[PDB]
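Colleague: So that you have it, the file is input.pdb, and it contains PDB, C-alpha atoms and all ligand atoms:
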```
ATOM      1  CA  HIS S   3      81.699  50.618-173.786  1.00  0.00           C
ATOM      2  CA  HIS S   4      82.453  54.357-174.064  1.00  0.00           C
ATOM      3  CA  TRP S   5      81.036  56.532-176.835  1.00  0.00           C
ATOM      4  CA  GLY S   6      82.996  56.893-180.031  1.00  0.00           C
ATOM      5  CA  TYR S   7      82.666  56.726-183.799  1.00  0.00           C
ATOM      6  CA  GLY S   8      82.579  52.961-184.394  1.00  0.00           C
ATOM      7  CA  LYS S   9      79.833  50.604-185.498  1.00  0.00           C
ATOM      8  CA  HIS S  10      78.709  49.771-181.960  1.00  0.00           C
ATOM      9  CA  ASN S  11      79.348  53.069-180.153  1.00  0.00           C
ATOM     10  CA  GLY S  12      78.986  55.751-182.832  1.00  0.00           C
ATOM     11  CA  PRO S  13      76.649  58.724-183.166  1.00  0.00           C
ATOM     12  CA  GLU S  14      73.497  56.628-183.686  1.00  0.00           C
ATOM     13  CA  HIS S  15      74.022  55.141-180.188  1.00  0.00           C
ATOM     14  CA  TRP S  16      74.843  58.308-178.244  1.00  0.00           C
ATOM     15  CA  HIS S  17      71.229  59.026-177.241  1.00  0.00           C
ATOM     16  CA  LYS S  18      71.235  56.024-174.879  1.00  0.00           C
ATOM     17  CA  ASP S  19      73.824  57.661-172.607  1.00  0.00           C
ATOM     18  CA  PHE S  20      73.050  61.270-173.598  1.00  0.00           C
ATOM     19  CA  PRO S  21      69.283  61.736-174.176  1.00  0.00           C
ATOM     20  CA  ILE S  22      69.818  65.396-175.295  1.00  0.00           C
ATOM     21  CA  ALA S  23      71.225  63.863-178.556  1.00  0.00           C
ATOM     22  CA  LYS S  24      67.538  63.896-179.618  1.00  0.00           C
ATOM     23  CA  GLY S  25      67.050  67.481-178.419  1.00  0.00           C
ATOM     24  CA  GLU S  26      65.696  70.607-180.061  1.00  0.00           C
ATOM     25  CA  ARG S  27      68.956  72.436-180.833  1.00  0.00           C
ATOM     26  CA  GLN S  28      71.456  69.762-181.818  1.00  0.00           C
ATOM     27  CA  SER S  29      74.453  70.268-184.091  1.00  0.00           C
ATOM     28  CA  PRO S  30      75.710  69.977-186.745  1.00  0.00           C
ATOM     29  CA  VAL S  31      73.103  70.834-189.379  1.00  0.00           C
ATOM     30  CA  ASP S  32      72.965  71.176-193.119  1.00  0.00           C
ATOM     31  CA  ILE S  33      73.138  74.826-194.118  1.00  0.00           C
ATOM     32  CA  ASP S  34      70.583  75.380-196.889  1.00  0.00           C
ATOM     33  CA  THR S  35      72.029  78.512-198.479  1.00  0.00           C
ATOM     34  CA  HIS S  36      68.776  79.471-200.198  1.00  0.00           C
ATOM     35  CA  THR S  37      66.647  79.402-197.030  1.00  0.00           C
ATOM     36  CA  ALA S  38      69.228  81.058-194.779  1.00  0.00           C
ATOM     37  CA  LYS S  39      68.017  84.562-193.948  1.00  0.00           C
ATOM     38  CA  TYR S  40      70.263  87.539-194.553  1.00  0.00           C
ATOM     39  CA  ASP S  41      70.208  89.609-191.356  1.00  0.00           C
ATOM     40  CA  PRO S  42      71.541  93.153-191.900  1.00  0.00           C
ATOM     41  CA  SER S  43      71.535  93.649-188.112  1.00  0.00           C
ATOM     42  CA  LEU S  44      74.404  91.154-187.750  1.00  0.00           C
ATOM     43  CA  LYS S  45      77.710  92.844-186.984  1.00  0.00           C
ATOM     44  CA  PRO S  46      81.077  91.852-188.431  1.00  0.00           C
ATOM     45  CA  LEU S  47      83.036  89.371-186.384  1.00  0.00           C
ATOM     46  CA  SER S  48      85.868  90.747-184.274  1.00  0.00           C
ATOM     47  CA  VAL S  49      88.684  88.213-183.939  1.00  0.00           C
ATOM     48  CA  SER S  50      91.503  89.402-181.679  1.00  0.00           C
ATOM     49  CA  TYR S  51      94.107  86.631-181.669  1.00  0.00           C
ATOM     50  CA  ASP S  52      97.313  88.719-181.642  1.00  0.00           C
ATOM     51  CA  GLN S  53      98.087  87.898-177.978  1.00  0.00           C
ATOM     52  CA  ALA S  54      97.094  84.219-178.105  1.00  0.00           C
ATOM     53  CA  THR S  55      99.191  81.879-175.942  1.00  0.00           C
ATOM     54  CA  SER S  56      99.029  78.263-177.021  1.00  0.00           C
ATOM     55  CA  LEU S  57     100.183  75.785-174.396  1.00  0.00           C
ATOM     56  CA  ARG S  58      99.781  72.155-175.393  1.00  0.00           C
ATOM     57  CA  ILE S  59      98.437  69.717-177.942  1.00  0.00           C
ATOM     58  CA  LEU S  60      96.583  66.643-176.692  1.00  0.00           C
ATOM     59  CA  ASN S  61      95.141  63.473-178.240  1.00  0.00           C
ATOM     60  CA  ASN S  62      91.976  62.962-176.175  1.00  0.00           C
ATOM     61  CA  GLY S  63      90.853  59.777-177.929  1.00  0.00           C
ATOM     62  CA  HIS S  64      88.370  61.430-180.280  1.00  0.00           C
ATOM     63  CA  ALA S  65      90.343  64.333-181.804  1.00  0.00           C
ATOM     64  CA  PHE S  66      93.421  66.378-180.980  1.00  0.00           C
ATOM     65  CA  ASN S  67      93.009  69.682-179.141  1.00  0.00           C
ATOM     66  CA  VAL S  68      95.396  72.627-179.238  1.00  0.00           C
ATOM     67  CA  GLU S  69      94.853  74.315-175.884  1.00  0.00           C
ATOM     68  CA  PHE S  70      95.319  77.974-175.036  1.00  0.00           C
ATOM     69  CA  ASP S  71      95.788  80.005-171.881  1.00  0.00           C
ATOM     70  CA  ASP S  72      92.264  81.285-171.152  1.00  0.00           C
ATOM     71  CA  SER S  73      93.021  82.908-167.791  1.00  0.00           C
ATOM     72  CA  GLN S  74      92.998  86.405-169.341  1.00  0.00           C
ATOM     73  CA  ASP S  75      91.447  88.137-172.361  1.00  0.00           C
ATOM     74  CA  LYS S  76      94.328  87.189-174.668  1.00  0.00           C
ATOM     75  CA  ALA S  77      92.560  85.610-177.654  1.00  0.00           C
ATOM     76  CA  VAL S  78      88.957  86.740-177.838  1.00  0.00           C
ATOM     77  CA  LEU S  79      85.977  86.676-180.161  1.00  0.00           C
ATOM     78  CA  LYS S  80      83.440  89.506-180.071  1.00  0.00           C
ATOM     79  CA  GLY S  81      80.841  90.991-182.350  1.00  0.00           C
ATOM     80  CA  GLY S  82      78.815  89.125-184.903  1.00  0.00           C
ATOM     81  CA  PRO S  83      75.733  87.666-183.194  1.00  0.00           C
ATOM     82  CA  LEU S  84      77.466  87.660-179.808  1.00  0.00           C
ATOM     83  CA  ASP S  85      76.885  89.755-176.722  1.00  0.00           C
ATOM     84  CA  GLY S  86      79.995  90.081-174.643  1.00  0.00           C
ATOM     85  CA  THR S  87      83.451  88.622-174.888  1.00  0.00           C
ATOM     86  CA  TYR S  88      84.312  84.987-175.591  1.00  0.00           C
ATOM     87  CA  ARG S  89      87.767  83.599-174.787  1.00  0.00           C
ATOM     88  CA  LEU S  90      89.479  80.988-176.939  1.00  0.00           C
ATOM     89  CA  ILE S  91      90.123  77.782-174.995  1.00  0.00           C
ATOM     90  CA  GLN S  92      91.003  75.190-177.653  1.00  0.00           C
ATOM     91  CA  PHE S  93      90.691  74.254-181.281  1.00  0.00           C
ATOM     92  CA  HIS S  94      90.334  70.829-182.846  1.00  0.00           C
ATOM     93  CA  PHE S  95      89.327  69.276-186.154  1.00  0.00           C
ATOM     94  CA  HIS S  96      86.962  66.627-187.465  1.00  0.00           C
ATOM     95  CA  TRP S  97      88.036  64.748-190.587  1.00  0.00           C
ATOM     96  CA  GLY S  98      87.236  61.801-192.811  1.00  0.00           C
ATOM     97  CA  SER S  99      88.834  58.625-194.075  1.00  0.00           C
ATOM     98  CA  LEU S 100      88.448  60.042-197.606  1.00  0.00           C
ATOM     99  CA  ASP S 101      88.660  63.555-199.015  1.00  0.00           C
ATOM    100  CA  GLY S 102      84.917  63.557-199.803  1.00  0.00           C
ATOM    101  CA  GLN S 103      83.761  63.497-196.178  1.00  0.00           C
ATOM    102  CA  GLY S 104      84.880  64.708-192.789  1.00  0.00           C
ATOM    103  CA  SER S 105      83.076  67.957-192.095  1.00  0.00           C
ATOM    104  CA  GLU S 106      80.243  68.058-189.570  1.00  0.00           C
ATOM    105  CA  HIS S 107      78.284  70.916-191.065  1.00  0.00           C
ATOM    106  CA  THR S 108      77.355  70.647-194.714  1.00  0.00           C
ATOM    107  CA  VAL S 109      76.493  73.397-197.185  1.00  0.00           C
ATOM    108  CA  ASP S 110      73.635  72.475-199.512  1.00  0.00           C
ATOM    109  CA  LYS S 111      74.489  68.815-198.595  1.00  0.00           C
ATOM    110  CA  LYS S 112      78.133  69.293-199.665  1.00  0.00           C
ATOM    111  CA  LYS S 113      80.675  67.735-197.292  1.00  0.00           C
ATOM    112  CA  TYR S 114      84.202  69.078-196.927  1.00  0.00           C
ATOM    113  CA  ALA S 115      87.325  67.076-196.114  1.00  0.00           C
ATOM    114  CA  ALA S 116      87.532  68.438-192.576  1.00  0.00           C
ATOM    115  CA  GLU S 117      86.138  71.064-190.242  1.00  0.00           C
ATOM    116  CA  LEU S 118      88.070  73.207-187.760  1.00  0.00           C
ATOM    117  CA  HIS S 119      86.326  74.249-184.530  1.00  0.00           C
ATOM    118  CA  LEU S 120      87.708  77.154-182.507  1.00  0.00           C
ATOM    119  CA  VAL S 121      85.962  76.921-179.154  1.00  0.00           C
ATOM    120  CA  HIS S 122      85.350  80.027-177.043  1.00  0.00           C
ATOM    121  CA  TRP S 123      83.503  80.577-173.771  1.00  0.00           C
ATOM    122  CA  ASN S 124      81.557  83.572-172.528  1.00  0.00           C
ATOM    123  CA  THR S 125      83.630  85.385-169.907  1.00  0.00           C
ATOM    124  CA  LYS S 127      80.582  86.390-167.877  1.00  0.00           C
ATOM    125  CA  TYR S 128      80.367  82.777-166.621  1.00  0.00           C
ATOM    126  CA  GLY S 129      83.929  82.748-165.254  1.00  0.00           C
ATOM    127  CA  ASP S 130      85.074  79.344-166.498  1.00  0.00           C
ATOM    128  CA  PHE S 131      84.403  76.897-169.302  1.00  0.00           C
ATOM    129  CA  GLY S 132      82.666  74.404-167.009  1.00  0.00           C
ATOM    130  CA  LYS S 133      80.040  76.935-165.976  1.00  0.00           C
ATOM    131  CA  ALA S 134      79.660  78.318-169.497  1.00  0.00           C
ATOM    132  CA  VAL S 135      78.586  74.946-170.926  1.00  0.00           C
ATOM    133  CA  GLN S 136      75.554  74.986-168.617  1.00  0.00           C
ATOM    134  CA  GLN S 137      74.204  78.176-170.207  1.00  0.00           C
ATOM    135  CA  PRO S 138      72.338  78.691-173.493  1.00  0.00           C
ATOM    136  CA  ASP S 139      74.774  81.469-174.494  1.00  0.00           C
ATOM    137  CA  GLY S 140      77.866  79.944-172.921  1.00  0.00           C
ATOM    138  CA  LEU S 141      79.995  79.023-175.940  1.00  0.00           C
ATOM    139  CA  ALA S 142      80.772  80.399-179.369  1.00  0.00           C
ATOM    140  CA  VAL S 143      82.341  77.992-181.853  1.00  0.00           C
ATOM    141  CA  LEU S 144      83.878  79.300-185.031  1.00  0.00           C
ATOM    142  CA  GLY S 145      83.633  76.588-187.686  1.00  0.00           C
ATOM    143  CA  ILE S 146      85.922  76.647-190.721  1.00  0.00           C
ATOM    144  CA  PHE S 147      85.745  74.178-193.589  1.00  0.00           C
ATOM    145  CA  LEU S 148      88.847  72.579-195.075  1.00  0.00           C
ATOM    146  CA  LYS S 149      89.030  71.629-198.750  1.00  0.00           C
ATOM    147  CA  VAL S 150      91.896  69.707-200.331  1.00  0.00           C
ATOM    148  CA  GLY S 151      94.049  71.739-202.710  1.00  0.00           C
ATOM    149  CA  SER S 152      97.066  73.913-201.974  1.00  0.00           C
ATOM    150  CA  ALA S 153      98.865  73.537-198.658  1.00  0.00           C
ATOM    151  CA  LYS S 154      98.131  75.862-195.767  1.00  0.00           C
ATOM    152  CA  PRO S 155     101.549  76.927-194.421  1.00  0.00           C
ATOM    153  CA  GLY S 156     100.124  78.021-191.059  1.00  0.00           C
ATOM    154  CA  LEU S 157      98.849  74.486-190.441  1.00  0.00           C
ATOM    155  CA  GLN S 158     102.200  72.760-190.926  1.00  0.00           C
ATOM    156  CA  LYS S 159     103.423  73.250-187.342  1.00  0.00           C
ATOM    157  CA  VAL S 160     100.350  71.321-186.156  1.00  0.00           C
ATOM    158  CA  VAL S 161     100.888  68.561-188.732  1.00  0.00           C
ATOM    159  CA  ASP S 162     104.529  68.055-187.789  1.00  0.00           C
ATOM    160  CA  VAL S 163     103.835  67.477-184.064  1.00  0.00           C
ATOM    161  CA  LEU S 164     101.155  64.813-184.597  1.00  0.00           C
ATOM    162  CA  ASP S 165     103.748  62.015-184.527  1.00  0.00           C
ATOM    163  CA  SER S 166     104.330  62.927-180.844  1.00  0.00           C
ATOM    164  CA  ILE S 167     100.666  62.484-179.848  1.00  0.00           C
ATOM    165  CA  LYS S 168      99.735  59.453-181.921  1.00  0.00           C
ATOM    166  CA  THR S 169      97.720  57.684-179.224  1.00  0.00           C
ATOM    167  CA  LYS S 170      95.016  58.597-176.738  1.00  0.00           C
ATOM    168  CA  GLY S 171      96.208  60.449-173.654  1.00  0.00           C
ATOM    169  CA  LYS S 172      99.467  61.731-175.149  1.00  0.00           C
ATOM    170  CA  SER S 173     100.271  65.431-174.950  1.00  0.00           C
ATOM    171  CA  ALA S 174     103.129  67.632-176.072  1.00  0.00           C
ATOM    172  CA  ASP S 175     104.188  71.174-175.329  1.00  0.00           C
ATOM    173  CA  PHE S 176     102.954  73.390-178.151  1.00  0.00           C
ATOM    174  CA  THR S 177     103.863  77.024-177.554  1.00  0.00           C
ATOM    175  CA  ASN S 178     103.896  80.102-179.810  1.00  0.00           C
ATOM    176  CA  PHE S 179     101.294  78.779-182.285  1.00  0.00           C
ATOM    177  CA  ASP S 180      99.417  81.629-183.952  1.00  0.00           C
ATOM    178  CA  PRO S 181      95.795  80.663-184.836  1.00  0.00           C
ATOM    179  CA  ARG S 182      95.548  83.645-187.293  1.00  0.00           C
ATOM    180  CA  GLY S 183      97.324  81.410-189.878  1.00  0.00           C
ATOM    181  CA  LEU S 184      94.195  79.212-190.002  1.00  0.00           C
ATOM    182  CA  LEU S 185      91.655  81.893-190.934  1.00  0.00           C
ATOM    183  CA  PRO S 186      90.299  82.501-194.433  1.00  0.00           C
ATOM    184  CA  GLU S 187      90.441  85.900-196.075  1.00  0.00           C
ATOM    185  CA  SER S 188      86.737  86.680-195.580  1.00  0.00           C
ATOM    186  CA  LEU S 189      84.877  86.535-192.270  1.00  0.00           C
ATOM    187  CA  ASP S 190      81.392  86.254-193.792  1.00  0.00           C
ATOM    188  CA  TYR S 191      79.397  83.711-191.819  1.00  0.00           C
ATOM    189  CA  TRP S 192      76.213  81.842-191.090  1.00  0.00           C
ATOM    190  CA  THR S 193      75.027  81.598-187.500  1.00  0.00           C
ATOM    191  CA  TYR S 194      72.484  79.500-185.616  1.00  0.00           C
ATOM    192  CA  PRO S 195      71.953  78.231-182.045  1.00  0.00           C
ATOM    193  CA  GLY S 196      73.144  74.679-181.491  1.00  0.00           C
ATOM    194  CA  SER S 197      75.105  72.269-179.386  1.00  0.00           C
ATOM    195  CA  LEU S 198      78.417  70.596-178.831  1.00  0.00           C
ATOM    196  CA  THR S 199      78.839  67.900-181.471  1.00  0.00           C
ATOM    197  CA  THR S 200      80.383  65.407-179.053  1.00  0.00           C
ATOM    198  CA  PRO S 201      79.016  64.177-175.712  1.00  0.00           C
ATOM    199  CA  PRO S 202      77.794  65.671-173.506  1.00  0.00           C
ATOM    200  CA  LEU S 203      76.068  67.353-176.517  1.00  0.00           C
ATOM    201  CA  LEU S 204      75.012  70.321-174.391  1.00  0.00           C
ATOM    202  CA  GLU S 205      72.861  72.965-176.073  1.00  0.00           C
ATOM    203  CA  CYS S 206      75.094  75.882-175.191  1.00  0.00           C
ATOM    204  CA  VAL S 207      76.680  76.947-178.501  1.00  0.00           C
ATOM    205  CA  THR S 208      76.217  79.906-180.780  1.00  0.00           C
ATOM    206  CA  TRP S 209      77.630  78.506-184.012  1.00  0.00           C
ATOM    207  CA  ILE S 210      79.446  80.841-186.383  1.00  0.00           C
ATOM    208  CA  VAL S 211      80.285  78.971-189.578  1.00  0.00           C
ATOM    209  CA  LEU S 212      82.516  80.779-192.064  1.00  0.00           C
ATOM    210  CA  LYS S 213      81.444  80.755-195.694  1.00  0.00           C
ATOM    211  CA  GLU S 214      84.968  80.636-197.143  1.00  0.00           C
ATOM    212  CA  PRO S 215      86.896  77.359-196.720  1.00  0.00           C
ATOM    213  CA  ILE S 216      90.634  77.180-196.267  1.00  0.00           C
ATOM    214  CA  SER S 217      92.682  74.922-198.533  1.00  0.00           C
ATOM    215  CA  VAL S 218      95.053  72.293-197.160  1.00  0.00           C
ATOM    216  CA  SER S 219      97.106  69.795-199.104  1.00  0.00           C
ATOM    217  CA  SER S 220      96.405  66.123-199.481  1.00  0.00           C
ATOM    218  CA  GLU S 221      99.629  65.438-197.512  1.00  0.00           C
ATOM    219  CA  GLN S 222      98.504  67.612-194.600  1.00  0.00           C
ATOM    220  CA  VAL S 223      95.163  65.837-194.177  1.00  0.00           C
ATOM    221  CA  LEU S 224      96.785  62.427-194.701  1.00  0.00           C
ATOM    222  CA  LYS S 225      98.795  63.079-191.558  1.00  0.00           C
ATOM    223  CA  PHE S 226      95.587  63.595-189.530  1.00  0.00           C
ATOM    224  CA  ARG S 227      94.549  60.082-190.579  1.00  0.00           C
ATOM    225  CA  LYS S 228      97.629  58.502-188.996  1.00  0.00           C
ATOM    226  CA  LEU S 229      96.472  59.330-185.472  1.00  0.00           C
ATOM    227  CA  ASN S 230      94.941  56.626-183.279  1.00  0.00           C
ATOM    228  CA  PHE S 231      91.716  56.502-181.274  1.00  0.00           C
ATOM    229  CA  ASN S 232      93.341  53.929-178.985  1.00  0.00           C
ATOM    230  CA  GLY S 233      95.957  54.256-176.276  1.00  0.00           C
ATOM    231  CA  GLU S 234      99.496  52.943-176.588  1.00  0.00           C
ATOM    232  CA  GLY S 235      99.731  49.163-176.364  1.00  0.00           C
ATOM    233  CA  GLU S 236      96.093  48.747-177.380  1.00  0.00           C
ATOM    234  CA  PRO S 237      95.034  47.482-180.821  1.00  0.00           C
ATOM    235  CA  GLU S 238      95.450  50.169-183.479  1.00  0.00           C
ATOM    236  CA  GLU S 239      92.294  51.976-184.682  1.00  0.00           C
ATOM    237  CA  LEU S 240      92.946  54.873-187.004  1.00  0.00           C
ATOM    238  CA  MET S 241      91.403  58.184-185.958  1.00  0.00           C
ATOM    239  CA  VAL S 242      89.237  58.853-189.017  1.00  0.00           C
ATOM    240  CA  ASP S 243      85.593  59.789-189.561  1.00  0.00           C
ATOM    241  CA  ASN S 244      85.305  61.485-186.179  1.00  0.00           C
ATOM    242  CA  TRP S 245      82.332  63.557-187.353  1.00  0.00           C
ATOM    243  CA  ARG S 246      78.697  63.563-186.302  1.00  0.00           C
ATOM    244  CA  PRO S 247      76.126  63.561-189.135  1.00  0.00           C
ATOM    245  CA  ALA S 248      73.718  66.440-189.649  1.00  0.00           C
ATOM    246  CA  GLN S 249      70.819  66.712-187.203  1.00  0.00           C
ATOM    247  CA  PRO S 250      67.292  68.056-187.766  1.00  0.00           C
ATOM    248  CA  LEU S 251      67.031  71.840-187.841  1.00  0.00           C
ATOM    249  CA  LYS S 252      63.629  71.718-185.996  1.00  0.00           C
ATOM    250  CA  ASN S 253      62.429  75.242-184.978  1.00  0.00           C
ATOM    251  CA  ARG S 254      65.637  77.123-185.894  1.00  0.00           C
ATOM    252  CA  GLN S 255      66.504  79.697-188.551  1.00  0.00           C
ATOM    253  CA  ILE S 256      70.039  79.980-189.952  1.00  0.00           C
ATOM    254  CA  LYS S 257      71.047  83.611-190.468  1.00  0.00           C
ATOM    255  CA  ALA S 258      73.662  84.904-192.891  1.00  0.00           C
ATOM    256  CA  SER S 259      75.844  87.986-192.496  1.00  0.00           C
ATOM    257  CA  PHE S 260      76.048  88.398-196.268  1.00  0.00           C
ATOM    258  CA  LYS S 261      73.799  88.475-199.309  1.00  0.00           C
TER     259      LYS S 261
HETATM  260 ZN    ZN K 301      84.253  69.963-182.899  1.00  0.00          ZN
END
```
What does this structure look like when you write it as structure tokens?
Ligand SMILES: [Zn+2]
Modeller:
Amino acid sequence: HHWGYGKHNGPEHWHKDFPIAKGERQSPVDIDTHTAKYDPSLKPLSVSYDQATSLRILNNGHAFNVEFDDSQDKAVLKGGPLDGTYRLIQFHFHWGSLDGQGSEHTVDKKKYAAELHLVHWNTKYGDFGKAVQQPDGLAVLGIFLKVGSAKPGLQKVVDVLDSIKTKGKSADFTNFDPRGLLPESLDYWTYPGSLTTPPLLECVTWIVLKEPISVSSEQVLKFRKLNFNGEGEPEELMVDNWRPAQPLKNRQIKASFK
């Protein structure tokens, strides 16, 4: 009876195994654009992905992760609200069964069709497993996906999904450039939060980009053909793998832009 996104094990149940689900800095949240505070002290983001080395793509039973070599400062995030250097370890998406839902964060209650999370860890803690135990351990760049024109830089991901249809499958996935997934503008909101899946640790500085990327209906349809289940188990489509918005509590969302 593992956690998941179903009727009997979904987000409303997670607090029984993970009591931090009811904590003070849980994610995602609704971003109220009119009460977000413009902070002129916030620096521009510095995304240095030119030397990124992707390794593999994996269906882990709740999403698919594209994993990167994080043994050196090859793909790093700096600047913005961050102190120090954060190394990219993996990216994954959350998506819906329908185009009108799928994102985890919302903007003035608006849901997008999907949300991309680029997960980075603070190099001062030496490895990802130690970083998640620290309040400043991770930085997650969140990018919204809306349905419209196709995103050419996403197609290489879409075309490999047939190889990792079921939980536990992996495929080699080298030479993928994550720069093809970024919007034109790097304006952002930021707030302190958590992982949005168990163990729900409160270790994330969230950086949510204002500008969505567009993907085609055909691209997102292919996400919805993945399976939560392993091979030979009954088929359950991997859809609606998003956590609903959590209370903001004593937190202020800051904006890098007016
Ligand atoms: Zn995520």
Colleague: Could you give me, as number ranges by chain, the residues that sit within 9 Å of (71.4, 70.0, -177.2) in the file's coordinates, counting only C-alpha atoms?
Modeller: S: 22-29, 196-199, 202-207
Colleague: Suppose we keep C-alpha atoms; can you now write the selection as an mmCIF file, in the coordinates of the input?
Modeller:
```
data_model
loop_
_atom_site.group_PDB
_atom_site.id
_atom_site.type_symbol
_atom_site.label_atom_id
_atom_site.label_comp_id
_atom_site.auth_asym_id
_atom_site.auth_seq_id
_atom_site.Cartn_x
_atom_site.Cartn_y
_atom_site.Cartn_z
ATOM 1 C CA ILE S 22 69.818 65.396 -175.295
ATOM 2 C CA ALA S 23 71.225 63.863 -178.556
ATOM 3 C CA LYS S 24 67.538 63.896 -179.618
ATOM 4 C CA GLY S 25 67.050 67.481 -178.419
ATOM 5 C CA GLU S 26 65.696 70.607 -180.061
ATOM 6 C CA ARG S 27 68.956 72.436 -180.833
ATOM 7 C CA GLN S 28 71.456 69.762 -181.818
ATOM 8 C CA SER S 29 74.453 70.268 -184.091
ATOM 9 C CA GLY S 196 73.144 74.679 -181.491
ATOM 10 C CA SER S 197 75.105 72.269 -179.386
ATOM 11 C CA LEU S 198 78.417 70.596 -178.831
ATOM 12 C CA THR S 199 78.839 67.900 -181.471
ATOM 13 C CA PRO S 202 77.794 65.671 -173.506
ATOM 14 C CA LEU S 203 76.068 67.353 -176.517
ATOM 15 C CA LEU S 204 75.012 70.321 -174.391
ATOM 16 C CA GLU S 205 72.861 72.965 -176.073
ATOM 17 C CA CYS S 206 75.094 75.882 -175.191
ATOM 18 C CA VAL S 207 76.680 76.947 -178.501
#
```
Colleague: Show me a table, sorted first by chain and then by increasing residue number, of the residues of chain S having an atom at most 9 Å from ligand ZN 301 (chain K), each with its shortest atom pair and the distance in Å to one decimal, counting all atoms listed in the file and written as CSV.
Modeller:
```
residue,atom,partner,partner_atom,distance
S:65,CA,K:ZN301,ZN,8.4
S:93,CA,K:ZN301,ZN,7.9
S:94,CA,K:ZN301,ZN,6.1
S:95,CA,K:ZN301,ZN,6.1
S:96,CA,K:ZN301,ZN,6.3
S:106,CA,K:ZN301,ZN,8.0
S:117,CA,K:ZN301,ZN,7.7
S:118,CA,K:ZN301,ZN,7.0
S:119,CA,K:ZN301,ZN,5.0
S:120,CA,K:ZN301,ZN,8.0
S:121,CA,K:ZN301,ZN,8.1
S:143,CA,K:ZN301,ZN,8.3
S:145,CA,K:ZN301,ZN,8.2
S:198,CA,K:ZN301,ZN,7.1
S:199,CA,K:ZN301,ZN,6.0
S:200,CA,K:ZN301,ZN,7.1
S:245,CA,K:ZN301,ZN,8.0
```
Colleague: What gap, in Å, lies between CA of residue 181 (chain S) and CA of residue 248 (chain S)?
Modeller: 26.7 Å
Colleague: Residues within 12 Å of region 160-172 of chain S, please, as JSON, numbers by chain. Count all atoms listed in the file; anything in the same chain fewer than 3 positions from it doesn't count.
Modeller: {"S": [56, 58, 59, 60, 61, 62, 63, 64, 65, 66, 67, 68, 93, 94, 95, 153, 154, 155, 156, 157, 175, 176, 177, 178, 179, 180, 181, 183, 184, 218, 219, 220, 221, 222, 223, 224, 225, 226, 227, 228, 229, 230, 231, 232, 233, 234, 235, 236, 237, 238, 239, 240, 241]}
Colleague: Mind giving me the straight-line distance from CA of residue 83 (chain S) to CA of residue 32 (chain S) in Å, one decimal?
Modeller: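 The value is 19.4 Å.
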Colleague: Going by the chain IDs and residue numbers used in this file, which residues fall under the PyMOL selection byres (((chain S and resi 16) around 12) and not hetatm)? Write them as a ChimeraX atom specification.
Modeller: /S:3-15,17-24,199-203,246
Colleague: As a list in words, please: the residues near residue 105 (chain S) (cut-off 8 Å, all atoms listed in the file, same-chain neighbours under 4 positions excluded).
Modeller: residues 96, 97, 98, 113, 114, 115, 116, 117, 147, 148 and 245 of chain S
Colleague: Would you be able to write out as an MDAnalysis selection string which residues have an atom within 7 Å of (85.3, 82.0, -197.0) in the file's coordinates, counting all atoms listed in the file?
Modeller: chainID S and resid 186:190 212:215
Colleague: What is the distance, in Å and to one decimal place, between CA of residue 71 (chain S) and CA of residue 89 (chain S)?
Modeller: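 Distance reported for this atom pair: 9.3 Å.
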Colleague: Which residues come within 10 Å of residue 82 (chain S), counting only C-alpha atoms, excluding same-chain residues fewer than 5 positions away, as an NGL selection string?
Modeller: :S and (43-49 or 189-193 or 210 or 259)
Colleague: Find, counting all atoms listed in the file, the residue in S:261, S:149, S:159, S:122 that gets nearest to residue 69 (chain S).
Modeller: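 Smallest distance to residue 69 (chain S) is found for S:122.
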Colleague: Counting only C-alpha atoms, which residue out of S:57, S:37, S:140, S:111 sits closest to residue 173 (chain S)?
Modeller: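 Between S:57, S:37, S:140, S:111, the residue approaching residue 173 (chain S) most closely is S:57.
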Colleague: Since I can't run it myself right now, could you work out what the PyMOL selection byres (((chain S and resi 86) around 8) and not hetatm) selects here and report it as an NGL selection string?
Modeller: :S and (80-81 or 84-85 or 87-88 or 124-125 or 127)
Colleague: Could you dump the residues just selected with C-alpha atoms as a CSV table (one decimal), keeping the file's coordinate frame?
Modeller:
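Now in out-v6.csv:
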```csv
chain,number,residue,atom,x,y,z
S,80,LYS,CA,83.4,89.5,-180.1
S,81,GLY,CA,80.8,91.0,-182.4
S,84,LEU,CA,77.5,87.7,-179.8
S,85,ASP,CA,76.9,89.8,-176.7
S,87,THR,CA,83.5,88.6,-174.9
S,88,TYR,CA,84.3,85.0,-175.6
S,124,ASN,CA,81.6,83.6,-172.5
S,125,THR,CA,83.6,85.4,-169.9
S,127,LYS,CA,80.6,86.4,-167.9
```
Colleague: Enclose the full set of atoms of region 32-50 of chain S listed in the file within a box whose edges lie along x, y and z, apply 8 Å of padding to each of the six sides, and report centre and edge lengths in Å to one decimal as JSON.
Modeller:
```
{"center_x": 79.1, "center_y": 82.4, "center_z": -190.9, "size_x": 40.9, "size_y": 38.5, "size_z": 34.5}
```
Colleague: What would the selection look like, as a PyMOL selection string, if the PyMOL selection byres (((chain S and resi 40) around 7) and not hetatm) were run on the coordinates I just shared?
Modeller: chain S and resi 38-39+41-42+257-261
Colleague: From the coordinates I just gave you, please extract region 188-200 of chain S so that only C-alpha atoms remain, then output it as a CSV table (one decimal), in the first residue's frame.
Modeller:
```
chain,number,residue,atom,x,y,z
S,188,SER,CA,12.7,35.1,-20.2
S,189,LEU,CA,14.1,34.0,-16.9
S,190,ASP,CA,11.9,36.2,-14.7
S,191,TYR,CA,10.7,34.3,-11.7
S,192,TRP,CA,8.9,34.0,-8.4
S,193,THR,CA,10.7,32.4,-5.5
S,194,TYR,CA,9.6,31.0,-2.1
S,195,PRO,CA,10.9,28.4,0.4
S,196,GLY,CA,9.1,25.1,0.1
S,197,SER,CA,9.4,21.3,-0.1
S,198,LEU,CA,9.6,18.4,-2.4
S,199,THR,CA,6.2,17.7,-3.8
S,200,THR,CA,6.5,13.9,-3.5
```
